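**Student:** Pasting a structure below so you can have a look.
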Amino acid sequence: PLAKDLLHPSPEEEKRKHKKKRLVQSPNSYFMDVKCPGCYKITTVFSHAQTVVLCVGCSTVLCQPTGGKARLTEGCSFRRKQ
Amino acid sequence: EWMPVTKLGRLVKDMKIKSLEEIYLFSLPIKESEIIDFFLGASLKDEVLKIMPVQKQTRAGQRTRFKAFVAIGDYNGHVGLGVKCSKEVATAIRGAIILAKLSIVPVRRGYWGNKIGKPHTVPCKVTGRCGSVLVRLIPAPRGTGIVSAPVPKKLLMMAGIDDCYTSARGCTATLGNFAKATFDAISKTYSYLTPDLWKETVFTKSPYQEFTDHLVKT
Amino acid sequence: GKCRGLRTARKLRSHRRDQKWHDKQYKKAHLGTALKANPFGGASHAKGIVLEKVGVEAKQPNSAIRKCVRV
Amino acid sequence: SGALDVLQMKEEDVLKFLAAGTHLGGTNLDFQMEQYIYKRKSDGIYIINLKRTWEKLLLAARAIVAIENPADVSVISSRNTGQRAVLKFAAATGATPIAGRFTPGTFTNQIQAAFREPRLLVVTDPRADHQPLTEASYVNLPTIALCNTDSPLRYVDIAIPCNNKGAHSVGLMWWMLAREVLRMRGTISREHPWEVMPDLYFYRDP
Amino acid sequence: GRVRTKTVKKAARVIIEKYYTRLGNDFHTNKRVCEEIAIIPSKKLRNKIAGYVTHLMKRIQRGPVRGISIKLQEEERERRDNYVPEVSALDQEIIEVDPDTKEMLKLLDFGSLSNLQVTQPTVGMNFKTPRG
Amino acid sequence: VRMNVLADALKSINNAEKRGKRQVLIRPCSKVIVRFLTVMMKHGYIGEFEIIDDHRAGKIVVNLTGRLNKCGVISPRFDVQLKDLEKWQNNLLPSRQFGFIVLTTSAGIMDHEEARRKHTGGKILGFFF
Amino acid sequence: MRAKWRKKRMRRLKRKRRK
Amino acid sequence: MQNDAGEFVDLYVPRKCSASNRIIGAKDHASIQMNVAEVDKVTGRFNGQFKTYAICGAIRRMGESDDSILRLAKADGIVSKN
Amino acid sequence: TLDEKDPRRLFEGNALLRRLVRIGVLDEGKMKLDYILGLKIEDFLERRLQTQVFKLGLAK
RNA sequence: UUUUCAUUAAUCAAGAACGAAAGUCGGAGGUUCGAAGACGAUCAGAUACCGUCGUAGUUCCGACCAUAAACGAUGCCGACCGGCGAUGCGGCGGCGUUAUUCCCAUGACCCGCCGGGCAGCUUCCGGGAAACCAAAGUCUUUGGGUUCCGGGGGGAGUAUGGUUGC
């Protein structure tokens, strides 16, 4: 109270505070690449995704549509991009 | 004879504190009328606003006490208001005058237009609130007079405000609330910040901190 | 809440104009209904012929026979 | 401390602090006292940063030594825990102690024989004795308090963050303040450790 | 019923804290000394004071009576308030500290302390009182 | 929904100053607010402020000095002439010594004293003292 | 009297008046 | 303050609060003027010099007198940076 | 209330001051518009023929 | 939600949808309760309270009727202004218990966070005549937008006129 730098808030407080009520807006979502166990081809998926996505490489389900972030199938390893 | 009980009292009796402005600067409590009777006794006049009979219903019948409203002030920017309830009018008056002396405050004056000679009016448009009653003081031109009801005219004259424009809202028939409202309105004049009072204040030594050397003896 | 918009002059005037009727003095004055009911009909003084003298009793707290004339 | 090597806290001081358990806070945090807290842990207990605790103790000491007549400086304890600690402090520093029951109007009512106009007030637990802190609002009296993780800051000018529930901790804090004040004044030196020991400032329950 | 009034109470008290050494347990001795001690208005009043003095002088040995400056027990109270153990209570052999406190210490350049032992933090997360 | 963004901006600053906060956040940010704040700063009431620029519509963070008593908006934007300006500065300002009415004129957004000096009327935006 | 019974009397009076 | 003559026409210049920069009133009994001592750089002894802070009733009542004293002490270099 | 450079204020002000100097409730030194506000009823009642006839010692 | 349209909005004379209980028409059925009414008590009297019975009604289907202390006696939309622990729905992160044998992964707990709701406790933010209200605050330091609406108490929600309805 009474002294906070509204200009330079601490980055942990910035991330905690709501995406729309931040000092400058940025989404909590991200783009990640999926490595399917029974395939060599790489695919990119949205963290909160809405459609069951298919890898045309081996024709197998990758991520499931959920209330929030899309749950990936067992074996398929996800890695953050930039 | 007067033998003070507060440290400020003993300081005032030993001619240590020069003017009452020093006390109002450091904003100390005043619990002895004899301090005011020292600095301002020569130029103080007091006026009885009214004597209100107030009652308490008891089994026997009504009980009666008198509320004495009394205003005190010298006509050089010093006014105070006392209110006391008692069985006898005289005891109420005397007690009220003591409370009136204790409750004196300094009154900041000002100019309507160009600043030439001594200040004659209120500096800004100030307001005072009390139990429904609103009283607003407004700067008036030189030699206008006090345009108001008698009750605020008493306190504004006793505050040494030469010219002023008054507007009151609420139940002004309640003289206690009306007198309290206008007194608070006057009292607010120094609490109001104005651009010529913007400079960074210089911290003077406190009279308790200053003359500790004398209070150990006396 | 009062409409303050630059083009609300009609709304304010219309409201103020029709809300003046709920004032006791204005309605009694402007509506020509008090005048016809008033025995003098908006005249300070009026002249008449006496019918009879009559003694009207005062209110409850103080008793006396007030002398009056039916005219 | 003024960022000077002479006023930096030593290994013995932090060992003395950690012994009593002054770093153990309460379960609750007040929004004003968040700045002094280190981190919330499992078990519910908050931890107070000893560096900032030291900084506020040095600021408190700096405030106490500023006053000329040591009799003016007043010290209050309501709870049984901080009684001895205060009676000891007043003996060493030369302050005016009030112990146990605090009579309302003590600083305000001028006619009472026990009337007193102090120039400072050092409090044990601002929750425990709200009356003197409240009275301080009527007489322009600056107030220093040994605040816990949970405590109201209404009429508290200097808030030393530290454990209050530990009988050792209160005595140790009072001992440390007493030492810092007498050291700052120049009655005792920084080379020789002070001959008085912290247990002298502790509470002995029957 | 019969309750001792503020008069006999106040009188009895100030008599105790003035002439504690003079009084004892026996009523009749206290009755006889109360005559010499105080100018007292009547025999009944003196008897009642002597009686309550006797009553207080019983319970003074049992424990310290509140608001009676005897001056004797103040000496041993001052002795009990000026006692220090030979070794300092703060001097433990090894101080058992939680990790985050060691983290808090090592961020203030106190990471070299070997007197402090770091016990493993609690495995279960639950501290709050069951509400309802 | 939100109408007269200046109203929210001035009300936000007013509440912040009454509460005693040393900084205040204003959103969104427009030219009118920036010019109004510039006029308030030039006379030494607020001091330095920063325009946090996101692509949508900027925010302002204003450093607050303990000088500002009141900063009010006048809605709607009344048509003010030179002859009627005495009446306005008599009504709104607390004293003739200090305080300023901010008019938007063909010259620009400026205080009433500069409006008299440059001799041009306009629309009243707000006042501060 | 009670305001609900003032209203009921008024309606009984309006019924006999109209007829 | 000053008329066109030149002389200052006022009873007393009131003290402004060090924290909030509001005028401390005549009957502001909750207002505090605290003196903080200055140490000698080498020995760390009370040299005699002191630095004064004033806090108004509002800031005392709010419970922000603590942070206001602390941040003033930080600014004036009494309390060590960080 | 009018500005210090206005022809109307200048002309009217000078005419008023000239007339109040002419009647004898001011002097050439105190001949500023601001000082008009610092007059009172005494100043005007002094200029009655009755008062002057008394003050010059024609009447006793 | 790192999807789309790109100002499409807010509040509203006229004009609309719905609207407890009772009430009025036609059909169905009638267990309980029960206006009216019949008795038995109490009482100076009781046209009531208490008790036994009982018509219309209470229930369902299709037409009307448009009112309640229809209440939070508090219009709707938008901004700002103090803390605190719960709670309901969704999401986010994280030790450890348990069930689906086990690994993850879902449930049940546990500790935090974020948004929108039902509220509560505390506070000299500030208001108010106060009772009280984190809104009933940001009001003489008086202007965010807009609808309905009061002007001492009775007469009176009466009279008349219009219009809706069996």
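Residue names in the structure tokens use chain letters A, B, ... in the order shown, residue numbers from 1 in each chain, and ligand numbers from 1 in the order shown.
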Contacts of region 34-47 of chain I at 9 Å or less, counting only C-alpha atoms (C1' of nucleotides), minus same-chain residues fewer than 4 places along, as a PyMOL selection string?
**Tutor:** (chain B and resi 114+141-144) or (chain I and resi 17+20+23-26+30+51-52)
**Student:** Give the alpha helix (DSSP H) residues of region 1-121 of chain E, as DSSP finds them on the backbone, and put them as a ChimeraX atom specification.
**Tutor:** /E:6-18,27-37,43-62,72-81,99-106
**Student:** Which residues are close to residue 129 (chain D), i.e. within 10 Å by only C-alpha atoms (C1' of nucleotides), leaving aside same-chain residues fewer than 3 positions away? Reply as a PyMOL selection string.
**Tutor:** chain D and resi 76-79+100-102+123-126+132-134
**Student:** At a cut-off of 9 Å, using only C-alpha atoms (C1' of nucleotides), what residues contact residue 137 (chain J)? Leave out same-chain residues fewer than 5 positions from it and give the result as a list in words.
**Tutor:**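 Listed by chain and then number, they are residues 81, 125, 126 and 127 of chain J.
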**Student:** Could you produce a table of the residues of chain D lying within 6 Å of chain H, with the nearest pair of atoms per residue and their separation in Å rounded to one decimal, using only C-alpha atoms, ordered by chain and increasing residue number, as a tab-separated table?
**Tutor:**
residue	atom	partner	partner_atom	distance
D:1	CA	H:79	CA	5.4
D:2	CA	H:78	CA	4.9
D:3	CA	H:80	CA	4.6
D:62	CA	H:37	CA	5.0
D:63	CA	H:36	CA	4.7
D:66	CA	H:37	CA	4.9
D:137	CA	H:30	CA	4.4
D:138	CA	H:29	CA	5.1
D:139	CA	H:29	CA	5.8
D:140	CA	H:32	CA	5.1
D:142	CA	H:32	CA	5.9
D:153	CA	H:63	CA	4.8
D:154	CA	H:63	CA	4.5
D:155	CA	H:60	CA	5.3
D:157	CA	H:66	CA	4.9
D:158	CA	H:66	CA	5.4
D:184	CA	H:45	CA	5.1
D:185	CA	H:46	CA	5.9
**Student:** Go ahead and write the residues just picked, N, CA and C atoms, as a CSV table (one decimal), in the first residue's frame.
**Tutor:**
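Dumped everything to again-v7.csv:
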chain,number,residue,atom,x,y,z
D,1,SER,N,20.2,0.0,10.5
D,1,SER,CA,21.7,0.2,10.3
D,1,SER,C,21.9,1.1,9.1
D,2,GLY,N,22.9,1.9,9.2
D,2,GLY,CA,23.2,2.9,8.1
D,2,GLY,C,24.1,2.4,7.0
D,3,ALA,N,24.1,1.0,6.7
D,3,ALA,CA,24.9,0.3,5.8
D,3,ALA,C,26.4,0.4,6.2
D,62,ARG,N,17.8,4.0,17.4
D,62,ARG,CA,18.0,5.4,16.8
D,62,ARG,C,17.0,6.4,17.3
D,63,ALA,N,15.7,6.0,17.4
D,63,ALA,CA,14.6,6.8,17.9
D,63,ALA,C,14.7,7.0,19.4
D,66,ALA,N,17.6,9.4,20.6
D,66,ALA,CA,17.3,10.8,20.1
D,66,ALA,C,16.8,11.7,21.3
D,137,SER,N,-2.9,8.5,20.8
D,137,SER,CA,-3.6,9.2,19.7
D,137,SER,C,-4.0,10.6,20.2
D,138,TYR,N,-4.1,10.9,21.5
D,138,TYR,CA,-4.6,12.1,22.1
D,138,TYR,C,-3.5,13.1,22.5
D,139,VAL,N,-2.2,12.7,22.5
D,139,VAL,CA,-1.1,13.5,23.2
D,139,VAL,C,0.1,13.6,22.2
D,140,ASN,N,0.0,13.3,20.9
D,140,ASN,CA,1.1,13.4,19.9
D,140,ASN,C,2.3,12.6,20.4
D,142,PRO,N,4.8,9.4,19.8
D,142,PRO,CA,5.3,8.4,18.9
D,142,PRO,C,5.4,7.0,19.6
D,153,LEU,N,-1.6,-2.5,13.1
D,153,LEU,CA,-0.6,-1.4,13.0
D,153,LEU,C,-1.2,0.0,13.3
D,154,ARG,N,-2.4,0.1,13.8
D,154,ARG,CA,-3.1,1.4,14.1
D,154,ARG,C,-2.4,2.0,15.3
D,155,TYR,N,-1.8,3.2,15.0
D,155,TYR,CA,-1.0,4.0,16.0
D,155,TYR,C,0.3,3.3,16.4
D,157,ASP,N,4.2,3.6,15.0
D,157,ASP,CA,5.2,4.4,14.2
D,157,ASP,C,6.3,3.5,13.7
D,158,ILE,N,7.0,2.7,14.6
D,158,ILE,CA,8.1,1.8,14.3
D,158,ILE,C,7.6,0.4,14.8
D,184,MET,N,24.6,2.5,21.5
D,184,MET,CA,24.4,3.7,20.6
D,184,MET,C,24.7,4.9,21.5
D,185,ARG,N,24.3,5.0,22.7
D,185,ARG,CA,24.5,6.1,23.6
D,185,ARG,C,25.9,6.3,23.9
**Student:** Do me a favour and pick out the residues of chain A within 9 Å of chain H, using only C-alpha atoms, as a ChimeraX atom specification.
**Tutor:** /A:1-3
**Student:** Quick one: write out the picked residues with N, CA, C and O atoms as a PDB file, in the first residue's frame?
**Tutor:**
ATOM      1  N   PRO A   1       0.816  -1.227   0.000  1.00  0.00           N
ATOM      2  CA  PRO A   1       0.000   0.000   0.000  1.00  0.00           C
ATOM      3  C   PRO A   1       0.853   1.282   0.000  1.00  0.00           C
ATOM      4  O   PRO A   1       1.905   1.270   0.617  1.00  0.00           O
ATOM      5  N   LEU A   2       0.471   2.346  -0.678  1.00  0.00           N
ATOM      6  CA  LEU A   2       1.185   3.629  -0.740  1.00  0.00           C
ATOM      7  C   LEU A   2       2.557   3.792  -1.405  1.00  0.00           C
ATOM      8  O   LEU A   2       3.059   4.915  -1.528  1.00  0.00           O
ATOM      9  N   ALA A   3       3.230   2.710  -1.743  1.00  0.00           N
ATOM     10  CA  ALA A   3       4.497   2.875  -2.437  1.00  0.00           C
ATOM     11  C   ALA A   3       4.713   2.005  -3.678  1.00  0.00           C
ATOM     12  O   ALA A   3       5.735   2.140  -4.343  1.00  0.00           O
TER      13      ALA A   3
END
**Student:** As an exercise, work out the distance from CA of residue 47 (chain D) to CA of residue 178 (chain D) in Å and give it to one decimal place.
**Tutor:** 24.0 Å
**Student:** Neighbours of region 72-77 of chain J within 10 Å (only C-alpha atoms (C1' of nucleotides); same-chain residues fewer than 6 positions away dropped), as a list in words?
**Tutor:** residues 1 of chain C; 1 and 2 of chain F; 10, 11, 136, 145, 146, 147 and 148 of chain J
**Student:** Produce a file of the selected residues containing N, CA and C atoms (P, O5', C5', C4', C3', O3' and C1' of nucleotides), as a PDB file, in the first residue's frame.
**Tutor:**
ATOM      1  N   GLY C   1     -32.129   9.869 -10.901  1.00  0.00           N
ATOM      2  CA  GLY C   1     -31.135  10.464 -11.842  1.00  0.00           C
ATOM      3  C   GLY C   1     -31.783  11.429 -12.824  1.00  0.00           C
TER       4      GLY C   1
ATOM      5  N   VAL F   1     -22.824   1.480 -20.198  1.00  0.00           N
ATOM      6  CA  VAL F   1     -21.372   1.186 -20.457  1.00  0.00           C
ATOM      7  C   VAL F   1     -20.578   2.490 -20.295  1.00  0.00           C
ATOM      8  N   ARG F   2     -19.250   2.440 -20.459  1.00  0.00           N
ATOM      9  CA  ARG F   2     -18.336   3.605 -20.291  1.00  0.00           C
ATOM     10  C   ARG F   2     -18.689   4.701 -21.306  1.00  0.00           C
TER      11      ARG F   2
ATOM     12  P     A J  10     -26.776  -3.100 -24.623  1.00  0.00           P
ATOM     13  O5'   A J  10     -26.660  -1.787 -23.731  1.00  0.00           O
ATOM     14  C5'   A J  10     -25.826  -1.727 -22.560  1.00  0.00           C
ATOM     15  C4'   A J  10     -26.056  -0.419 -21.845  1.00  0.00           C
ATOM     16  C3'   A J  10     -27.490  -0.145 -21.401  1.00  0.00           C
ATOM     17  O3'   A J  10     -27.812  -0.835 -20.198  1.00  0.00           O
ATOM     18  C1'   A J  10     -26.634   1.768 -22.479  1.00  0.00           C
ATOM     19  P     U J  11     -29.229  -1.593 -20.040  1.00  0.00           P
ATOM     20  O5'   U J  11     -30.246  -0.405 -19.735  1.00  0.00           O
ATOM     21  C5'   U J  11     -30.016   0.528 -18.664  1.00  0.00           C
ATOM     22  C4'   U J  11     -30.827   1.782 -18.875  1.00  0.00           C
ATOM     23  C3'   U J  11     -32.307   1.576 -19.146  1.00  0.00           C
ATOM     24  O3'   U J  11     -33.024   1.378 -17.934  1.00  0.00           O
ATOM     25  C1'   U J  11     -31.427   3.119 -20.706  1.00  0.00           C
ATOM     26  P     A J 136     -26.705   0.937  -2.046  1.00  0.00           P
ATOM     27  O5'   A J 136     -27.438   2.273  -1.571  1.00  0.00           O
ATOM     28  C5'   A J 136     -27.046   3.577  -2.062  1.00  0.00           C
ATOM     29  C4'   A J 136     -26.886   4.570  -0.927  1.00  0.00           C
ATOM     30  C3'   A J 136     -25.549   4.536  -0.184  1.00  0.00           C
ATOM     31  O3'   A J 136     -25.162   5.841   0.236  1.00  0.00           O
ATOM     32  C1'   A J 136     -27.291   4.077   1.333  1.00  0.00           C
ATOM     33  P     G J 145     -23.275  12.803 -17.623  1.00  0.00           P
ATOM     34  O5'   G J 145     -23.923  11.453 -18.215  1.00  0.00           O
ATOM     35  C5'   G J 145     -23.706  11.138 -19.610  1.00  0.00           C
ATOM     36  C4'   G J 145     -24.539   9.940 -19.984  1.00  0.00           C
ATOM     37  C3'   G J 145     -26.035  10.019 -19.676  1.00  0.00           C
ATOM     38  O3'   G J 145     -26.733  10.794 -20.645  1.00  0.00           O
ATOM     39  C1'   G J 145     -25.188   7.905 -19.045  1.00  0.00           C
ATOM     40  P     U J 146     -27.997  11.683 -20.215  1.00  0.00           P
ATOM     41  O5'   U J 146     -29.143  10.599 -19.997  1.00  0.00           O
ATOM     42  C5'   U J 146     -29.738   9.903 -21.106  1.00  0.00           C
ATOM     43  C4'   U J 146     -30.513   8.704 -20.616  1.00  0.00           C
ATOM     44  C3'   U J 146     -31.709   9.004 -19.730  1.00  0.00           C
ATOM     45  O3'   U J 146     -32.860   9.393 -20.471  1.00  0.00           O
ATOM     46  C1'   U J 146     -30.452   7.239 -18.789  1.00  0.00           C
ATOM     47  P     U J 147     -34.130  10.033 -19.720  1.00  0.00           P
ATOM     48  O5'   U J 147     -34.903   8.763 -19.150  1.00  0.00           O
ATOM     49  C5'   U J 147     -35.755   7.962 -19.985  1.00  0.00           C
ATOM     50  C4'   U J 147     -36.387   6.854 -19.178  1.00  0.00           C
ATOM     51  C3'   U J 147     -37.423   7.276 -18.151  1.00  0.00           C
ATOM     52  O3'   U J 147     -38.682   7.495 -18.777  1.00  0.00           O
ATOM     53  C1'   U J 147     -35.967   5.667 -17.203  1.00  0.00           C
ATOM     54  P     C J 148     -39.704   8.575 -18.186  1.00  0.00           P
ATOM     55  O5'   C J 148     -40.233   7.881 -16.856  1.00  0.00           O
ATOM     56  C5'   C J 148     -41.138   6.767 -16.908  1.00  0.00           C
ATOM     57  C4'   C J 148     -41.308   6.181 -15.528  1.00  0.00           C
ATOM     58  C3'   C J 148     -41.879   7.120 -14.479  1.00  0.00           C
ATOM     59  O3'   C J 148     -43.297   7.186 -14.557  1.00  0.00           O
ATOM     60  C1'   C J 148     -40.024   5.950 -13.584  1.00  0.00           C
TER      61        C J 148
END
**Student:** Using only C-alpha atoms (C1' of nucleotides), determine which residues lie at most 10 Å from residue 20 (chain F), disregarding the query and same-chain residues fewer than 2 positions distant; provide the list as a ChimeraX atom specification.
**Tutor:** /A:1-2 /F:14-18,22-23,64-66 /H:19-22,58-59
**Student:** Can you pull out every residue within 8 Å of region 107-122 of chain F, counting only C-alpha atoms (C1' of nucleotides), but drop anything in the same chain fewer than 5 positions away, and send it as a list in words?
**Tutor:**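 Once the adjacent positions are removed, what remains is residues 32, 35, 36, 39, 79, 80, 81, 82, 85, 100, 101 and 102 of chain F.
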**Student:** Can you write out the residues you just picked, keeping N, CA and C atoms, as an mmCIF file, in the first residue's frame?
**Tutor:**
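Listing of selection23.cif after writing:
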data_model
loop_
_atom_site.group_PDB
_atom_site.id
_atom_site.type_symbol
_atom_site.label_atom_id
_atom_site.label_comp_id
_atom_site.auth_asym_id
_atom_site.auth_seq_id
_atom_site.Cartn_x
_atom_site.Cartn_y
_atom_site.Cartn_z
ATOM 1 N N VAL F 32 -7.110 13.744 -25.141
ATOM 2 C CA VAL F 32 -7.844 14.694 -24.249
ATOM 3 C C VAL F 32 -7.306 14.554 -22.818
ATOM 4 N N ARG F 35 -3.496 15.741 -22.666
ATOM 5 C CA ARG F 35 -3.449 17.231 -22.714
ATOM 6 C C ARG F 35 -3.928 17.808 -21.375
ATOM 7 N N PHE F 36 -5.027 17.280 -20.823
ATOM 8 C CA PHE F 36 -5.590 17.699 -19.509
ATOM 9 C C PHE F 36 -4.531 17.499 -18.416
ATOM 10 N N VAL F 39 -1.661 20.033 -18.791
ATOM 11 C CA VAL F 39 -2.084 21.342 -18.202
ATOM 12 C C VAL F 39 -1.946 21.267 -16.674
ATOM 13 N N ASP F 79 -20.890 25.196 -23.901
ATOM 14 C CA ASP F 79 -20.316 26.236 -24.797
ATOM 15 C C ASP F 79 -20.007 27.476 -23.951
ATOM 16 N N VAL F 80 -18.722 27.808 -23.781
ATOM 17 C CA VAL F 80 -18.246 28.914 -22.896
ATOM 18 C C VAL F 80 -17.727 30.063 -23.771
ATOM 19 N N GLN F 81 -18.240 31.278 -23.545
ATOM 20 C CA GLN F 81 -17.791 32.540 -24.198
ATOM 21 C C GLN F 81 -16.959 33.354 -23.200
ATOM 22 N N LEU F 82 -16.199 34.338 -23.692
ATOM 23 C CA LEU F 82 -15.319 35.216 -22.867
ATOM 24 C C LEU F 82 -16.159 35.945 -21.809
ATOM 25 N N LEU F 85 -17.260 33.651 -18.935
ATOM 26 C CA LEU F 85 -16.128 32.960 -18.255
ATOM 27 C C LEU F 85 -15.995 33.443 -16.803
ATOM 28 N N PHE F 100 -7.994 26.521 -11.667
ATOM 29 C CA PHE F 100 -8.050 26.678 -13.147
ATOM 30 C C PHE F 100 -9.190 25.840 -13.740
ATOM 31 N N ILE F 101 -9.941 26.425 -14.681
ATOM 32 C CA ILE F 101 -10.898 25.723 -15.587
ATOM 33 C C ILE F 101 -10.160 25.424 -16.897
ATOM 34 N N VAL F 102 -10.214 24.165 -17.348
ATOM 35 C CA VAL F 102 -9.578 23.676 -18.609
ATOM 36 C C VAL F 102 -10.626 23.721 -19.729
#
**Student:** Using only C-alpha atoms and a distance of at most 6 Å, pull out the residues of chain B that contact chain H, as an mmCIF file with N, CA, C and O atoms, in the first residue's frame.
**Tutor:**
data_model
loop_
_atom_site.group_PDB
_atom_site.id
_atom_site.type_symbol
_atom_site.label_atom_id
_atom_site.label_comp_id
_atom_site.auth_asym_id
_atom_site.auth_seq_id
_atom_site.Cartn_x
_atom_site.Cartn_y
_atom_site.Cartn_z
ATOM 1 N N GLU B 21 1.129 30.715 18.850
ATOM 2 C CA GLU B 21 1.408 30.223 17.471
ATOM 3 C C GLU B 21 2.393 29.045 17.512
ATOM 4 O O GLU B 21 2.238 28.135 16.673
ATOM 5 N N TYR B 24 0.266 25.977 18.460
ATOM 6 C CA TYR B 24 -0.573 25.628 17.281
ATOM 7 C C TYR B 24 0.295 25.074 16.141
ATOM 8 O O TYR B 24 -0.236 24.267 15.352
ATOM 9 N N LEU B 25 1.564 25.491 16.047
ATOM 10 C CA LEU B 25 2.542 24.978 15.045
ATOM 11 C C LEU B 25 2.796 23.489 15.307
ATOM 12 O O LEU B 25 2.612 22.689 14.368
ATOM 13 N N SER B 27 1.118 21.595 17.363
ATOM 14 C CA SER B 27 -0.236 20.989 17.499
ATOM 15 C C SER B 27 -0.321 20.125 18.767
ATOM 16 O O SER B 27 -0.628 18.921 18.650
ATOM 17 N N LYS B 115 -3.914 41.770 -3.627
ATOM 18 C CA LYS B 115 -3.417 41.680 -2.227
ATOM 19 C C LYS B 115 -2.682 42.981 -1.870
ATOM 20 O O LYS B 115 -1.479 43.087 -2.182
ATOM 21 N N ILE B 116 -3.392 43.930 -1.248
ATOM 22 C CA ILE B 116 -2.844 45.234 -0.758
ATOM 23 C C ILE B 116 -3.396 45.493 0.653
ATOM 24 O O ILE B 116 -4.611 45.286 0.864
ATOM 25 N N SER B 191 -6.449 24.080 7.654
ATOM 26 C CA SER B 191 -6.424 22.681 7.144
ATOM 27 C C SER B 191 -6.520 22.651 5.610
ATOM 28 O O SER B 191 -6.085 21.640 5.023
ATOM 29 N N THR B 201 8.475 22.338 4.358
ATOM 30 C CA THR B 201 8.533 22.890 5.740
ATOM 31 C C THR B 201 9.890 22.563 6.379
ATOM 32 O O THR B 201 10.417 21.460 6.117
#
**Student:** At a cut-off of 9 Å, which residues of chain A touch chain J? Count only C-alpha atoms (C1' of nucleotides) and give the answer as a ChimeraX atom specification.
**Tutor:** /A:16-19,26-27,29-31,46,48-50,67-69,74
**Student:** Identify, with DSSP run on backbone atoms, the residues in region 73-130 of chain D assigned to strand (DSSP E), and express the list as a VMD selection string.
**Tutor:** chain D and resid 73 to 77 96 to 99 120 to 123
**Student:** Pull the closest atom pair for each residue of chain G that gets at most 12 Å from chain J, along with the distance in Å to one decimal, counting only C-alpha atoms (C1' of nucleotides), ordering rows by chain and then ascending residue number, as CSV.
**Tutor:**
residue,atom,partner,partner_atom,distance
G:6,CA,J:156,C1',11.5
G:7,CA,J:157,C1',10.0
G:10,CA,J:158,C1',8.8
G:11,CA,J:158,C1',11.0
G:13,CA,J:158,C1',11.1
G:14,CA,J:158,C1',10.1
G:17,CA,J:159,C1',11.9
